[PDB]
Amino acid sequence: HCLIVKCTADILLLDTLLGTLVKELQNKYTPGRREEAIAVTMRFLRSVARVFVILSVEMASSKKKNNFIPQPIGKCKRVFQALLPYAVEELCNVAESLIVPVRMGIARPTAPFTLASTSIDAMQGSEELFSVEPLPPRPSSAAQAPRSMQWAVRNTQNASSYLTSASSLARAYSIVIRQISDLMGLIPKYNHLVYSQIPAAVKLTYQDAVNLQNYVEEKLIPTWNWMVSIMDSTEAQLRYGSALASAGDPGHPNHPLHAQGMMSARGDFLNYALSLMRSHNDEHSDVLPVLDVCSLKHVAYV
Amino acid sequence: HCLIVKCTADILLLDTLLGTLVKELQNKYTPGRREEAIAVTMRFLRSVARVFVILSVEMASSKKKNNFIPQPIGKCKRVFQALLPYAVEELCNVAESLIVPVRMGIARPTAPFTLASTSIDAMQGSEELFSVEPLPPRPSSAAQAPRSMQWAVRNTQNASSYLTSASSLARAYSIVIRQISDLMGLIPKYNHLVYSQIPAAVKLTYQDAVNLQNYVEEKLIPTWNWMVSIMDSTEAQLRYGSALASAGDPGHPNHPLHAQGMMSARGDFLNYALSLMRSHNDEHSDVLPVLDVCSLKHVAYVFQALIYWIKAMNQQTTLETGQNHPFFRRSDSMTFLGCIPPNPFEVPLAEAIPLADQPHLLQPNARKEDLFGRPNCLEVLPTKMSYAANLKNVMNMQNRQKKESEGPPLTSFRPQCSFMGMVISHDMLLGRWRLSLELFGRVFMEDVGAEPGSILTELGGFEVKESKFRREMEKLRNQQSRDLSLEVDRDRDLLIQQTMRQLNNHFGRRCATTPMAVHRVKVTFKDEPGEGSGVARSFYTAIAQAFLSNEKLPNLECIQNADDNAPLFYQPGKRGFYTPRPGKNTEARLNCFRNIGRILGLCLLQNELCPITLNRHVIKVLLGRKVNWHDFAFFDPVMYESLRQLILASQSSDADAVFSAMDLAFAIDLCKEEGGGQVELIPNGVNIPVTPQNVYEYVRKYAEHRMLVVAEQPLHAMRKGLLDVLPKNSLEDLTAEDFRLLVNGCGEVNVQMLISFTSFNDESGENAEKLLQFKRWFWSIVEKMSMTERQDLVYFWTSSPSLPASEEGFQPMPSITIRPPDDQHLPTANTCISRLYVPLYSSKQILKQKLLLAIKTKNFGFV
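- The record lists cryo-EM as the method behind this PDB entry and 3.36 Å as its resolution.

- Chain B carries the name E3 ubiquitin-protein ligase UBR5 in the PDB entry, which gives Homo sapiens as its organism.
- The deposited entry bears the title "Cryo-EM structure of dimeric UBR5".

- As recorded in the PDB entry, chain A goes by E3 ubiquitin-protein ligase UBR5 and comes from Homo sapiens.

### Notes on the overall build of chain A
In step 1: Along the backbone of chain A there are twelve helices and zero strands.
In step 2: Starting at the N terminus, the α and β elements of chain A follow one another as α-α-α-α-α-α-α-α-α-α-α-α.
In step 3: By the compact-globule yardstick of 19 Å for 302 residues, chain A is too spread out, its C-alpha radius of gyration being 26 Å.
In step 4: A principal-axis box enclosing the C-alpha atoms of chain A has dimensions of 80 × 55 × 45 Å.
In step 5: The burial tally for chain A puts 43% of its 302 residues in the buried class.
In step 6: A total accessible area of about 16,800 Å² is found for chain A, and carbon and sulfur atoms account for 56% of it.
In step 7: Where the 28 positive side-chain charges of chain A centre and where its 25 negative ones centre are 5 Å apart.

### Regarding the environment of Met149(B)
In step 1: Topologically, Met149(B) is positioned in helix α7 (residues 147-150).
In step 2: Owing to a relative accessible area of 2%, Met149(B) belongs among the buried residues under this scheme.

### Topic: unusual backbone geometry
In step 1: With an omega of -5 degrees, the peptide bond running from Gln811(B) to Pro812(B) counts as cis.
In step 2: Positionally, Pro812(B) belongs in the loop between α32 (787-798) and β8 (815-819).
In step 3: With phi around 25 degrees, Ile69(A) is a residue other than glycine that occupies positive phi space.
In step 4: Residue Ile69(A) is classed as partly exposed on the basis of its relative accessible area of 45%.
In step 5: We note that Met420(B) has phi near 75 degrees; this positive angle belongs to a residue other than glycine.
In step 6: Structurally, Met420(B) is set in the loop between α16 (388-402) and α17 (426-432).
In step 7: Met420(B) gets classed as buried once you look at its relative accessible area, which sits at 13%.

### What to know about the side chain of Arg171(A)
In step 1: Looking at the element boundaries, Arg171(A) is found in helix α8 (residues 162-186).
In step 2: When residues no more than four places from it in sequence are discounted, the contact partners of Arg171(A) are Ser56(A), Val57(A), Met59(A), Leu115(A) and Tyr301(A).

### Examining the interface of chain B and chain A
In step 1: Each partner contributes residues to the interface: chain B has 75 residues there, and chain A has 77 residues.
In step 2: Summing both sides of the interface, chain B and chain A together bury roughly 7,300 Å²; the carbon and sulfur share of this comes to 66%.
In step 3: Considering only the surface of chain B that becomes buried against chain A, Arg108(B), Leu135(B) and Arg266(B) emerge as the three largest contributors, covering 12% of it.
In step 4: Our count for the contact surface shared by chain B and chain A stands at eight salt bridges.
In step 5: The salt bridge involving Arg46(B) is made with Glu283(A); its shortest N-O contact spans 2.9 Å.
In step 6: Counting the contacts that link chain B with chain A gives 24 residue pairs in polar contact.
In step 7: Looking at the side of chain B that touches chain A, the elements with two or more residues in it are α3 (33-58), α5 (84-103), α6 (119-130), α8 (162-186), α10 (206-247) and α11 (261-279) of chain B.
In step 8: With ten residues, α11(B) is the largest single contributor of residues to the side of chain B that touches chain A.

### As for the state of the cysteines
In step 1: Taken as a whole and judged by the stated rule, the model has zero disulfides over all chains.
In step 2: Note on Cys76(A): no disulfide assigned, nearest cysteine sulfur contributed by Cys7(A) at a separation of 13 Å.
In step 3: A relative accessible area of 0% places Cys76(A) in the buried class.
In step 4: We note that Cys7(B) lacks a disulfide partner, and the nearest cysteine sulfur, in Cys2(B), lies 6.3 Å from it.
In step 5: You can call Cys7(B) partly exposed: its relative accessible area is 24%.

### Some thoughts on helix α2 (residues 12-25) of chain B
In step 1: With 14 residues, α2(B) should cover 20 Å at 1.5 Å per step; its first-to-last C-alpha distance of 20 Å lies within 8% of that length.
In step 2: All buried positions along α2(B) are accounted for by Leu14(B), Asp15(B), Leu18(B), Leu21(B), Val22(B), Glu24(B) and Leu25(B).

### Points about the UniProt feature "active site" in chain B
Residue and element names in this part refer to chain B.
In step 1: In the numbering used here, UniProt assigns the feature "active site" to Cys832.
In step 2: Here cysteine 832 lies in the loop between β9 (828-830) and β10 (835-839).
In step 3: With residues up to four places along the chain from it excluded, the contact list for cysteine 832 reads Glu531, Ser533, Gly534, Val535, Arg537, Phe862 and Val863.

### Quick notes on the pairing of strand β2 (residues 521-525) of chain B
Residue and element names in this part refer to chain B.
In step 1: With respect to burial, β2 is a largely interior element, four of its five residues being buried.
In step 2: Pairing between strand β1 (residues 484-488) and β2: five bridges, direction parallel. Bridge assignment links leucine 486 to a residue of β2, and that residue is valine 523.
In step 3: You can see the chain leave β1, run along helix α20 (residues 492-508) and come back into β2, and the turn it takes is right-handed.

### With respect to the packing of aromatic side chains
All names here are of chain B.
In step 1: Going through the model one piece at a time under the given rule, you end up with 27 aromatic pairs over all chains.
In step 2: Relative to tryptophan 797, the ring of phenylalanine 778 lies with its centre 6.1 Å away and its plane at 75 degrees, an arrangement referred to as edge-to-face. Here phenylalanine 778 is found in helix α31 (residues 768-784), whereas its partner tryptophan 797 is found in helix α32, with 19 residues between them in sequence. Both residues of the pair, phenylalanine 778 and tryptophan 797, belong to the buried class.

Conventions we followed
- Residues numbered from 1 in each chain as written, not as in the entry; some residues may be left out.
- Chains lettered and ligands numbered in written order.
- Part of a larger assembly, values for the part shown.
- Heavy atoms only, no water.
- Helix = DSSP H or I, 4+ residues; strand = E, 2+ residues; numbered from the N terminus.
- Rg over C-alpha atoms; globule rule 2.2 N^0.38 Å.
- Buried < 20%, exposed > 50% of the residue type's maximum accessible area, 1.4 Å probe, protein only.
- Areas by Shrake-Rupley, 256 points an atom, 1.4 Å probe, with all protein chains shown as cover.
- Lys, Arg positive; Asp, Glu negative; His and termini not counted.
- Charge placed at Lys NZ, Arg CZ, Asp CG, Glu CD.
- Contact = heavy atoms within 4.5 Å.
- Buried area = accessible area lost by both parts, 1.4 Å probe.
- Salt bridge = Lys/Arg side-chain N within 4 Å of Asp/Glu carboxyl O.
- Polar contact = N/O pair within 3.5 Å; in protein donor to acceptor, adjacent residues only side chain to side chain.
- Disulfide = S-S within 2.5 Å.
- Expected span 1.5 Å × (residues − 1).
- UniProt positions renumbered as here; feature names shortened; annotations may be inferred.
- Pairing = 2+ DSSP bridges.
- Right-handed = clockwise from strand over helix to strand, strands pointing away.
- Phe/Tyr/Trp six-rings, centres within 6.5 Å; stacked < 30°, edge-to-face > 60°.

Right, here's the structure in full:
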């Protein structure tokens, strides 16, 4: 953290560190040293990755497209560009670890927070998170939808919440997927975009690009299946509700274009449970599917 | 719907329908008709299943176990019992469809709702849901956790919500899993439970039961994997946090026992994300894992239901001088969940039972693990914290296991659970997820514990048993309109004789074979005939003091008209704690003891404390259940340990020489309080030497004789005395530790406990700050009181010294009235309402002096 975020007037230090790692990774003529260097490198890269994610999540994306891209994050990109084949693998694992609590439905509730606009107020939050000692041992002693789709929305026709935290983890996941794609994007030009840009970086070859791509695809299959299955199910429910809106009579008070506490709530819940049970066997021919899309913000990000 | 819920005065209609389906399902001789009938039947059954689930979800489970089981739901069960093999399959599919929206994390938010108590208001909601026309075509035009686990809870150390709907779907899922298990439960008896019960039902055979079971297992594997992986991950995080709490320094502000908006929230979220990323690669060695369990209510419901299934299967599966002899085996409370004993002959007494080592260590809400000493898919512990690796390992382990009826009639069906593991018995799983279970067993008890026979109640501590205790004792109290009245002196000799004589005249003029259930117990003193509760509390105290005194008794033969003067009780062994002294064993003595047993029954019936501190083996005998070597530690810890050392010496290379040098024989000295002299443990025992090979018998007979043979008649008398007042069933809930909390309450006056039950009233008219300073003064004085002075304070304030072990222990609650400022007057307490009244003293010194002088003026008048 401190080398990257707090040397706010230098870069040669970081370059020296990377040059050292690269030289030792190429120390093929010394026995064991190769594998030792790989193990060392990976253990460093996961630390870089944590620093990178924390920063990226805090800094608000500029809605005017600007190259502000503050130097902490630029430095992170430089590391990953210099150590590309390894950086890709560790990034897959960070991505994977961020999504699973949401993809299994487990995650904690939290209150919401504003993304930080200034570089300074973004950076400060990470200081208080990395300025830490291990515990000592015991002392010696949303624009609104059109009418053809409004029926499918929970609408009127701080405290913590589960959905806040589910959403923000999906937001965070997207960043890593973009960054992995970007690094895969550099590969064709790399025999130029190493030597014309950076003092030292890892040599790599077509065979390696193949194996990286194999690895990257595998790590995405679970989240892909989860996304696809939910999307298909949602699109089906929407299109059916539209076809019924065409064939049915808008004079009826239950038509999608036309449309107490505890018992109304138990009504809502029972309508939902009954719609769920019906839908499983296509026993649902003449009433709108019970649905709300506002929960699905995490699949939208993914 | 309408045939089942609205024909509220008929059943033959439904029977006719079922008979028709069954006949056509057996129409094998007509082509195609068979398959047509099956298709028809299934389409009907799914409709029945919807009706059933809707009803079952609405009707609130009766917390008193009742067979109300309203006839709509009974009819549903009849259908499924008549169409069993098909009913099972469709039920799997309904279960599956209910869980997936939660198991994928997708489900809608909703507001909460109350379960319906009456049958009527349950039924009405379903009417408005089934009274529907299809849309026409267009016209032609939570008890709080202990400190070792509090760090893992989001706690303080209508709108819709997602969690409401996630939870209620899990609640609904459990019902179907129970019902499937129940139907599988009927299969062995079915060739009787068809024809003896219902006009018509489907014939089925052993071969079919096999295939049903195959089908049912498969449909559960996904939810099983999801449950298991999350549980392992949770248990790992809990156990690691505990190990760190042991090794770390509690002086540090980040220790689990020691422990802005947007930025604090972004703090919380970042702490969580960082803990998540760290945990995946075991890069998490020196900070607590970020966790909250309150979200996990849906896995709690699913877990409870999945045990139900395996537990039912297991019921189908089950249908010396050795150290292995039952005397030496660990007993009630001691045998932990799926555990094997820390052997008492290898482990020090001090270590084997920290409660038997230190008797004052018992608390109402202590963890059972402390008191009795801390204890392939299941053998390897939940080591990894990451969710994902546990899931992957679960699937790999599952892959390891992957890698007319001829012969048996249904009555011979031998099912089990065998997949996921080779054999599961629920004790193993209660061994594996021990902490998660215990934590659920505090946090979710009000809700998941309301399921019928919910496994959480088996983790129910003292207060669960006490919740039953009030209900049973008040039920036994309110069934009778006849009081007990005792008029006694304060003098020890007169007090004993008068109490026992009046108890015999009350007992004997009522039927002596029926328990002495009474409306109220009333007591009046001679020359002070004030009456009722506080007087009776002062009496239970004083009569106990009279029995425990080292002074000589008056002749107990005086009690027969309704010398064996040895003191009634003595302290065996190197405890402060009592067993009856046998005296001359005359009938008059046993008659007295039989009345003392009645006093225990009476105090408990009234929910009043009796300060008689009896030893564990005495209490086990009173409960009517077996006494073990471990209870000899409760008889005499120093002798138990010395005999353990004698057994360690029997395992030494010089044991024959050491036992020769000790000169021990099968004869024991008894103290005067045990009847005195030297007694043979076996005939001719003085001439039979103890050897390293007979020592196990010697140590057994030594312990058995001292705990039981010495006092068998006093014990027989007291136990008869307890049964003379209370019915046997009331003993069945309790071990001696529980009986201690109910009989004696908390003997240790925990000042924080007393604070939480105390209310303050003000009559002084002085300002809230002076009142709060005076309240602080009072509690800081009570904190500085010795335990004796605290016990005297509660005795002065209430006419009893022990605190009740709970809120439920108080009748009525303790309270303090602050009176106008006066430094002359003393504090005074109406013990018949357990309320103290205190002047607003000008200084803490005067408050202390006046309070201590009052409670130490032990001659209390019975207000």
